[PDB]
Number of protein chains: 2
Amino acid sequence: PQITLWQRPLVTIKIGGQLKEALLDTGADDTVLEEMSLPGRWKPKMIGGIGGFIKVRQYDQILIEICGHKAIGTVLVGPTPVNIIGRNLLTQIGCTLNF
Amino acid sequence: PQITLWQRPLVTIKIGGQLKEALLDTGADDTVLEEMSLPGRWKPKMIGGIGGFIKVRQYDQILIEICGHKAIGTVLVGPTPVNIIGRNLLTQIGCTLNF
Ligand SMILES: CNC(=O)c1cccc(CN2[C@H](COc3ccccc3)[C@H](O)[C@@H](O)[C@@H](COc3ccccc3)N(Cc3ccccc3)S2(=O)=O)c1
């Protein structure tokens with residue numbers, strides 16, 4: 001589909017059998033979600049925003065459904081202001097910017 | 001044009017006659033640029049994201065050229081590490097997210 005930007009590009013995602021709201025964010029390199037439990041081991045990672053950097057937990061090969069489209073990739077969990085779907089997953093669902 | 005997200009969506013913008021590189025950020029409500037001088041009165045504001053908040057100066061009705069498309073809108077100026085073009089301006093150039 002085509003999403004306009006007059007309002008926040010919020011979509012429903014499914015992860016760990018739960019539905020959550022997330023922002024389609026072309027400015028983010030990675031996908032970062034609010035604190036939650038994911039399976040497997042995690043690795044440390046530092047990501048930065050306008051205010052500075054934060055430490056998050058990196059989980060790999062996580063199944064996440066975005067607007068019905070299934071994706072499998074790296075998900076970061078940490079103190080993020082909102083659930084963010086970044087370029088690593090946007091590319092998997094074939095998302096592009098057009099104008 | 002159609003911009004893929006394999007890499008960060010960086011574009012050239014023209015503001016105050018100056019050329020700059022900026023990130024197209026669908027997750028950002030507003031536009032925030034690195035410290036610079038702009039004519040007119042401004043209002044202080046606080047914007048936050050990953051890492052926390054930063055103080056910025058809000059200028060209204062600023063003319064900006066993005067990829068040859070003229071757009072008018074509010075621009076926030078502050079100690080941001082990267083120039084960010086948010087939704088307030090992306091809408092004016094008719095930018096959409098598609099997949
Ligand atoms: C009202 N606030 C604004 O208009 C407003 C205006 C401008 C900016 C922001 C905040 N940013 C949002 C996220 O914050 C929020 C918070 C609440 C609601 C919406 C977005 C942005 O959309 C993201 O792209 C992330 C990159 O996050 C990641 C995630 C994973 C890996 C790497 C980055 N940042 C922008 C940024 C990009 C590159 C370098 C430095 C900073 S951010 O600063 O963290 C809000």
# chains A, B, ... in the order shown; residues from 1 in each chain; ligands from 1

call {"tool": "residues_near_ligand", "arguments": {"ligand": "ligand 1", "cutoff": "6 Å", "atoms": "only C-alpha atoms and all ligand atoms", "output": "number ranges by chain"}}
result
A: 25, 27-32, 47-50, 81-82; B: 25, 27-32, 47-50, 81-82

call {"tool": "residues_around", "arguments": {"residues": "residue B:88", "least_positions_apart": "2", "cutoff": "8 Å", "atoms": "only C-alpha atoms", "output": "number ranges by chain"}}
result
A: 6; B: 29-31, 73-74, 86, 90-92

call {"tool": "select_by_dssp", "arguments": {"residues": "chain B", "states": "strand (DSSP E or B)", "output": "ChimeraX atom specification"}}
result
/B:2-3,10-15,18-24,31-33,43-49,52-66,69-77,84-85,96-98

call {"tool": "write_last_selection", "arguments": {"atoms": "N, CA and C atoms", "output": "short mmCIF file (atom, residue, chain, number, x, y, z; two decimals), in the first residue's frame"}}
result
data_model
loop_
_atom_site.label_atom_id
_atom_site.label_comp_id
_atom_site.auth_asym_id
_atom_site.auth_seq_id
_atom_site.Cartn_x
_atom_site.Cartn_y
_atom_site.Cartn_z
N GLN B 2 12.35 7.37 -6.69
CA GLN B 2 12.06 6.28 -5.76
C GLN B 2 13.35 5.99 -5.02
N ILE B 3 13.31 6.12 -3.70
CA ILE B 3 14.48 5.90 -2.88
C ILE B 3 14.41 4.57 -2.12
N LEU B 10 19.83 9.86 2.39
CA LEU B 10 20.39 11.20 2.49
C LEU B 10 20.14 11.98 1.20
N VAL B 11 19.77 13.24 1.34
CA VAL B 11 19.50 14.09 0.18
C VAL B 11 20.12 15.45 0.41
N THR B 12 20.25 16.22 -0.66
CA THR B 12 20.81 17.55 -0.55
C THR B 12 19.66 18.53 -0.40
N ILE B 13 19.82 19.50 0.49
CA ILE B 13 18.79 20.50 0.68
C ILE B 13 19.44 21.86 0.59
N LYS B 14 18.64 22.86 0.25
CA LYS B 14 19.14 24.22 0.15
C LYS B 14 18.31 25.06 1.11
N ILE B 15 18.99 25.75 2.02
CA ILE B 15 18.32 26.59 3.00
C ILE B 15 19.22 27.78 3.31
N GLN B 18 22.46 28.16 1.59
CA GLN B 18 23.46 27.15 1.92
C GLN B 18 23.01 25.75 1.53
N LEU B 19 23.96 24.93 1.08
CA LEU B 19 23.67 23.55 0.70
C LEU B 19 24.05 22.66 1.88
N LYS B 20 23.24 21.63 2.12
CA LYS B 20 23.49 20.72 3.22
C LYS B 20 22.95 19.34 2.92
N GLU B 21 23.48 18.34 3.62
CA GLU B 21 23.04 16.97 3.45
C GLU B 21 22.08 16.67 4.60
N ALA B 22 20.94 16.07 4.29
CA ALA B 22 19.96 15.77 5.32
C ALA B 22 19.35 14.39 5.16
N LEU B 23 18.90 13.84 6.27
CA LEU B 23 18.29 12.51 6.30
C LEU B 23 16.76 12.60 6.22
N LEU B 24 16.16 11.83 5.32
CA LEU B 24 14.70 11.83 5.22
C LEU B 24 14.25 10.88 6.33
N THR B 31 11.27 18.96 11.53
CA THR B 31 12.57 19.05 10.90
C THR B 31 13.56 19.72 11.87
N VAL B 32 14.73 19.12 12.02
CA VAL B 32 15.75 19.67 12.91
C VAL B 32 17.10 19.72 12.20
N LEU B 33 17.69 20.91 12.15
CA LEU B 33 18.97 21.10 11.49
C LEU B 33 20.05 21.52 12.47
N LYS B 43 11.51 30.71 18.91
CA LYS B 43 11.00 30.32 20.22
C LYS B 43 11.76 29.10 20.68
N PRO B 44 12.13 29.04 21.97
CA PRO B 44 12.86 27.88 22.46
C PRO B 44 11.92 26.69 22.57
N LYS B 45 12.46 25.49 22.37
CA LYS B 45 11.65 24.29 22.43
C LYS B 45 12.55 23.12 22.80
N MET B 46 11.95 22.05 23.29
CA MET B 46 12.71 20.87 23.66
C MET B 46 12.20 19.70 22.82
N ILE B 47 13.11 18.97 22.19
CA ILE B 47 12.73 17.80 21.40
C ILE B 47 13.55 16.62 21.88
N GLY B 48 12.90 15.48 22.02
CA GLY B 48 13.59 14.31 22.50
C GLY B 48 13.51 13.11 21.59
N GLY B 49 14.38 12.16 21.85
CA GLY B 49 14.41 10.95 21.06
C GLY B 49 15.29 9.99 21.81
N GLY B 52 17.67 11.00 24.80
CA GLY B 52 17.18 12.11 25.60
C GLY B 52 16.71 13.31 24.80
N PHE B 53 16.67 14.47 25.46
CA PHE B 53 16.22 15.70 24.83
C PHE B 53 17.34 16.71 24.58
N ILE B 54 17.08 17.63 23.66
CA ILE B 54 18.02 18.69 23.34
C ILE B 54 17.19 19.95 23.18
N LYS B 55 17.81 21.09 23.46
CA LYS B 55 17.13 22.37 23.33
C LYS B 55 17.34 22.88 21.91
N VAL B 56 16.27 23.34 21.28
CA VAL B 56 16.36 23.85 19.92
C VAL B 56 15.65 25.19 19.79
N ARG B 57 15.90 25.88 18.69
CA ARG B 57 15.26 27.16 18.42
C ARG B 57 14.31 26.93 17.25
N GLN B 58 13.05 27.28 17.45
CA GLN B 58 12.01 27.07 16.45
C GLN B 58 11.77 28.28 15.54
N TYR B 59 11.96 28.09 14.24
CA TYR B 59 11.71 29.15 13.27
C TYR B 59 10.53 28.71 12.41
N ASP B 60 9.61 29.63 12.15
CA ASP B 60 8.44 29.30 11.33
C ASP B 60 8.54 29.91 9.94
N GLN B 61 7.80 29.33 9.00
CA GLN B 61 7.77 29.82 7.62
C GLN B 61 9.13 29.93 6.94
N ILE B 62 9.95 28.90 7.09
CA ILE B 62 11.26 28.89 6.46
C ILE B 62 11.18 28.19 5.10
N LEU B 63 11.83 28.77 4.09
CA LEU B 63 11.84 28.19 2.76
C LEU B 63 12.97 27.17 2.61
N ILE B 64 12.63 25.97 2.18
CA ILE B 64 13.63 24.93 2.00
C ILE B 64 13.44 24.22 0.67
N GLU B 65 14.55 23.88 0.02
CA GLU B 65 14.51 23.17 -1.24
C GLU B 65 15.04 21.77 -1.02
N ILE B 66 14.20 20.78 -1.29
CA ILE B 66 14.57 19.38 -1.12
C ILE B 66 14.51 18.68 -2.47
N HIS B 69 12.47 20.43 -4.95
CA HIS B 69 11.09 20.74 -4.58
C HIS B 69 11.07 21.78 -3.47
N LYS B 70 10.44 22.92 -3.72
CA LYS B 70 10.36 23.96 -2.71
C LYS B 70 9.30 23.61 -1.68
N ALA B 71 9.64 23.80 -0.41
CA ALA B 71 8.73 23.51 0.68
C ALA B 71 8.85 24.59 1.75
N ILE B 72 7.73 24.88 2.40
CA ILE B 72 7.71 25.90 3.45
C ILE B 72 7.25 25.27 4.75
N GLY B 73 7.90 25.62 5.85
CA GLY B 73 7.49 25.05 7.11
C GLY B 73 8.40 25.41 8.26
N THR B 74 8.07 24.86 9.42
CA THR B 74 8.84 25.09 10.63
C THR B 74 10.12 24.28 10.61
N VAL B 75 11.20 24.90 11.08
CA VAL B 75 12.49 24.24 11.14
C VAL B 75 13.03 24.48 12.54
N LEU B 76 13.57 23.43 13.13
CA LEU B 76 14.14 23.54 14.47
C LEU B 76 15.66 23.50 14.32
N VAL B 77 16.34 24.39 15.02
CA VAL B 77 17.79 24.47 14.94
C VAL B 77 18.40 24.18 16.30
N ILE B 84 17.94 16.49 9.97
CA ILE B 84 16.78 15.63 9.81
C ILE B 84 15.58 16.33 9.19
N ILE B 85 15.06 15.74 8.11
CA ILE B 85 13.88 16.28 7.45
C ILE B 85 12.72 15.44 7.94
N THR B 96 5.86 9.75 -0.05
CA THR B 96 5.07 8.67 0.51
C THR B 96 5.94 7.44 0.73
N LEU B 97 5.47 6.57 1.61
CA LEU B 97 6.13 5.31 1.94
C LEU B 97 5.32 4.27 1.17
N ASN B 98 5.99 3.41 0.40
CA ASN B 98 5.29 2.40 -0.39
C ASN B 98 5.89 1.00 -0.29
#

call {"tool": "atom_distance", "arguments": {"atom1": "atom CA of residue A:34", "atom2": "atom CA of residue B:79"}}
result
26.0 Å

call {"tool": "closest_residue", "arguments": {"among": "A:68, A:39, A:1, A:17", "to": "chain B", "atoms": "only C-alpha atoms"}}
result
A:1

call {"tool": "closest_residue", "arguments": {"among": "A:26, A:42, A:36, A:16", "to": "chain B", "atoms": "only C-alpha atoms"}}
result
A:26

call {"tool": "decode", "arguments": {"residues": "stretch 58-98 of chain B", "atoms": "N, CA and C atoms", "output": "short mmCIF file (atom, residue, chain, number, x, y, z; two decimals), in the first residue's frame"}}
result
data_model
loop_
_atom_site.label_atom_id
_atom_site.label_comp_id
_atom_site.auth_asym_id
_atom_site.auth_seq_id
_atom_site.Cartn_x
_atom_site.Cartn_y
_atom_site.Cartn_z
N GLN B 58 13.05 27.28 17.45
CA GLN B 58 12.01 27.07 16.45
C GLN B 58 11.77 28.28 15.54
N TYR B 59 11.96 28.09 14.24
CA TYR B 59 11.71 29.15 13.27
C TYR B 59 10.53 28.71 12.41
N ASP B 60 9.61 29.63 12.15
CA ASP B 60 8.44 29.30 11.33
C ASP B 60 8.54 29.91 9.94
N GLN B 61 7.80 29.33 9.00
CA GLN B 61 7.77 29.82 7.62
C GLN B 61 9.13 29.93 6.94
N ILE B 62 9.95 28.90 7.09
CA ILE B 62 11.26 28.89 6.46
C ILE B 62 11.18 28.19 5.10
N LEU B 63 11.83 28.77 4.09
CA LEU B 63 11.84 28.19 2.76
C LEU B 63 12.97 27.17 2.61
N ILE B 64 12.63 25.97 2.18
CA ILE B 64 13.63 24.93 2.00
C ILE B 64 13.44 24.22 0.67
N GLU B 65 14.55 23.88 0.02
CA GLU B 65 14.51 23.17 -1.24
C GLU B 65 15.04 21.77 -1.02
N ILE B 66 14.20 20.78 -1.29
CA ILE B 66 14.57 19.38 -1.12
C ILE B 66 14.51 18.68 -2.47
N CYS B 67 15.67 18.31 -3.01
CA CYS B 67 15.72 17.64 -4.30
C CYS B 67 15.01 18.44 -5.39
N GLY B 68 15.11 19.77 -5.31
CA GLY B 68 14.48 20.61 -6.31
C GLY B 68 13.04 20.99 -6.01
N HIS B 69 12.47 20.43 -4.95
CA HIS B 69 11.09 20.74 -4.58
C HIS B 69 11.07 21.78 -3.47
N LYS B 70 10.44 22.92 -3.72
CA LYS B 70 10.36 23.96 -2.71
C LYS B 70 9.30 23.61 -1.68
N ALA B 71 9.64 23.80 -0.41
CA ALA B 71 8.73 23.51 0.68
C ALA B 71 8.85 24.59 1.75
N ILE B 72 7.73 24.88 2.40
CA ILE B 72 7.71 25.90 3.45
C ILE B 72 7.25 25.27 4.75
N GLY B 73 7.90 25.62 5.85
CA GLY B 73 7.49 25.05 7.11
C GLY B 73 8.40 25.41 8.26
N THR B 74 8.07 24.86 9.42
CA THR B 74 8.84 25.09 10.63
C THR B 74 10.12 24.28 10.61
N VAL B 75 11.20 24.90 11.08
CA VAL B 75 12.49 24.24 11.14
C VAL B 75 13.03 24.48 12.54
N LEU B 76 13.57 23.43 13.13
CA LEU B 76 14.14 23.54 14.47
C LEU B 76 15.66 23.50 14.32
N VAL B 77 16.34 24.39 15.02
CA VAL B 77 17.79 24.47 14.94
C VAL B 77 18.40 24.18 16.30
N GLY B 78 19.35 23.25 16.33
CA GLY B 78 19.98 22.91 17.58
C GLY B 78 21.18 21.99 17.41
N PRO B 79 21.79 21.56 18.52
CA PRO B 79 22.96 20.68 18.48
C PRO B 79 22.66 19.23 18.07
N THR B 80 22.02 19.05 16.92
CA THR B 80 21.73 17.71 16.43
C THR B 80 22.95 17.22 15.67
N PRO B 81 23.26 15.92 15.79
CA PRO B 81 24.41 15.34 15.09
C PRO B 81 24.20 15.14 13.59
N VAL B 82 22.95 15.20 13.14
CA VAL B 82 22.66 15.02 11.72
C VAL B 82 21.43 15.84 11.36
N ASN B 83 21.39 16.35 10.13
CA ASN B 83 20.25 17.14 9.69
C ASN B 83 19.10 16.19 9.41
N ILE B 84 17.94 16.49 9.97
CA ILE B 84 16.78 15.63 9.81
C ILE B 84 15.58 16.33 9.19
N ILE B 85 15.06 15.74 8.11
CA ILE B 85 13.88 16.28 7.45
C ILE B 85 12.72 15.44 7.94
N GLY B 86 11.82 16.06 8.70
CA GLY B 86 10.67 15.33 9.23
C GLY B 86 9.41 15.40 8.38
N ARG B 87 8.32 14.86 8.92
CA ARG B 87 7.04 14.83 8.22
C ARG B 87 6.47 16.19 7.84
N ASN B 88 6.69 17.21 8.67
CA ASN B 88 6.13 18.52 8.37
C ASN B 88 6.54 19.04 6.98
N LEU B 89 7.72 18.64 6.52
CA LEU B 89 8.20 19.04 5.20
C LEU B 89 8.05 17.95 4.15
N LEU B 90 8.21 16.69 4.54
CA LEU B 90 8.07 15.58 3.60
C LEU B 90 6.70 15.61 2.93
N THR B 91 5.67 15.95 3.68
CA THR B 91 4.31 16.02 3.12
C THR B 91 4.22 17.04 1.99
N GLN B 92 4.91 18.17 2.16
CA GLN B 92 4.87 19.24 1.17
C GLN B 92 5.49 18.87 -0.17
N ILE B 93 6.43 17.92 -0.17
CA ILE B 93 7.02 17.52 -1.44
C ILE B 93 6.32 16.28 -1.99
N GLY B 94 5.28 15.84 -1.29
CA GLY B 94 4.51 14.68 -1.72
C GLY B 94 5.20 13.35 -1.53
N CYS B 95 5.97 13.24 -0.46
CA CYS B 95 6.70 12.02 -0.18
C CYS B 95 5.82 10.97 0.48
N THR B 96 5.86 9.75 -0.05
CA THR B 96 5.07 8.67 0.51
C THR B 96 5.94 7.44 0.73
N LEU B 97 5.47 6.57 1.61
CA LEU B 97 6.13 5.31 1.94
C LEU B 97 5.32 4.27 1.17
N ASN B 98 5.99 3.41 0.40
CA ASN B 98 5.29 2.40 -0.39
C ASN B 98 5.89 1.00 -0.29
#
